[PDB]
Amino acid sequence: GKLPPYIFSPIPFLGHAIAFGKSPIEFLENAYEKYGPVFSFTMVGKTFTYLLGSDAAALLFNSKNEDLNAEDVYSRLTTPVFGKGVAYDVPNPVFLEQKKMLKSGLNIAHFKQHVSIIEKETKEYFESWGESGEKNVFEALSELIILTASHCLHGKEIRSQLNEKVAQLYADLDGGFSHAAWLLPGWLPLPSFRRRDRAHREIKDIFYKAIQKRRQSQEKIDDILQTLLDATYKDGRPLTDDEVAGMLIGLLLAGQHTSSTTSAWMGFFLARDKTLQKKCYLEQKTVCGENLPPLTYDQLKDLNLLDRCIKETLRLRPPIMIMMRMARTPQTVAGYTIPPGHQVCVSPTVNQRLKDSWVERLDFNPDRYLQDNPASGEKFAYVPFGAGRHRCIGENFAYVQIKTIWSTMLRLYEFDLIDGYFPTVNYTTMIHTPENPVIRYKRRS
């Protein structure tokens, strides 16, 4: 029962924290070459064991939450933002129930309603961009994504209350997701903390009103909000006003930053490979018609090249770079026994560009999925939405959203790099943002 190899700390307490913080990918890539798929190292006195490659990563994804726990690591950051009675503030079984309730809401019935809602929001927002110019796509996409997601996931009522004030409250909640948050004690009266806690109560209060309103209302509506109001547990109890508010927050936060960054990154991949962008525009005609009519849900499924362009983006710029668990009990993989207390980590980013399993691993060639490839070839080579009991329930809504917006965007504009600059990765944010993400655009044909 041998432990995995341990990369000895160069610095006593800090370990490899400095080195990791600059280029964590590069770090993990070197770590693989020199130590193999299973190894342990230290940052700020905490031991992490990393599982690189499908075979190893399998351990994390296959595991029960009893054994490799997600709350043990996530609870302290989420509970203060999402709120009580939801996500990691409850046993995993209760979460898995809440996940079904959320999942049911995300069906073909609602995906149809959404496409038109998202197309409309997309056209109306990109009025302000004029006929051409140079503007930050990321800033723009983030602002658009919150409105779409709120309209779609919350409803028109709650979407109608979305003034720039409420936008800044949603940012103040997101400020709750910081390196400071998990590095420093919660009892430090930090601005970011206090703005999170303030923004929480104020947003809960907004949802409390909108929920009461809907329940009283004779009004029957088939949207996600109602899915949750009507839904029940296995016991037969329905959700509380607070449980619902909690999940409405999680929904929006989940939706926004994952999609916005992903959307922003593609926009620069497409801006670099003009050949591919052209095909992506001509696909729109070829699938929807030469007249470019209002997008419908069933048209989405036929957008193979766009779908593959997204897939290829999440491969190279997955928004959630690392998923990690607390080891509660021993866990064996590749002849190694990970002891309790270790923080077991997996990297979609590393797994999705491993030289040994990826031909031309740095390249953005979305056609790599039209032959044998690790996505369909390997179990856990491709996991931008994860796997097992903690896997994403928002994979479909995400694609719907990213397709519709960019479908509408391609139709509206042609995009290009500025002096042939391609954004490098800014590792300083929680979700890695593109360094200087301003793009050149102009009216399409």
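Don't overthink the numbering: it's just position in the shown sequence, from 1. Take the two forms, find the largest set of C-alpha atoms that superpose within 1.5 Å, and that set is the rigid core.
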query	finding
Core-fitted comparison in 5 other deposited structures of this protein, 216-224 vs 132-140, farther C-alphas	216-224
Farther-lying stretch by C-alpha RMS in 5 other deposited structures of this protein (rigid core fit) among 314-322, 189-197	189-197
386-394 versus 407-415 - which carries the larger mean C-alpha B factor in the record	407-415
159-167 versus 328-336 - which carries the larger mean C-alpha B factor in the record	159-167
Candidate residues 186, 130, 374, 246, the one whose C-alpha B factor the record puts highest	130
From 88, 269, 193, 182, residue of greatest CA B-factor	269
Chain third (lowest, middle, highest) by recorded CA B-factor, residue given as residue 72	lowest
Residue 433 - Cα temperature factor, lowest/middle/highest third of chain	middle
Position of residue 315 among the chain's modelled residues by C-alpha B-factor, lowest, middle or highest third	lowest
Chain-wide C-alpha B factor ranking for residue 231, given as lowest, middle or highest third	highest
Among modelled residues of the same chain, the CA temperature factor third for residue 292	highest
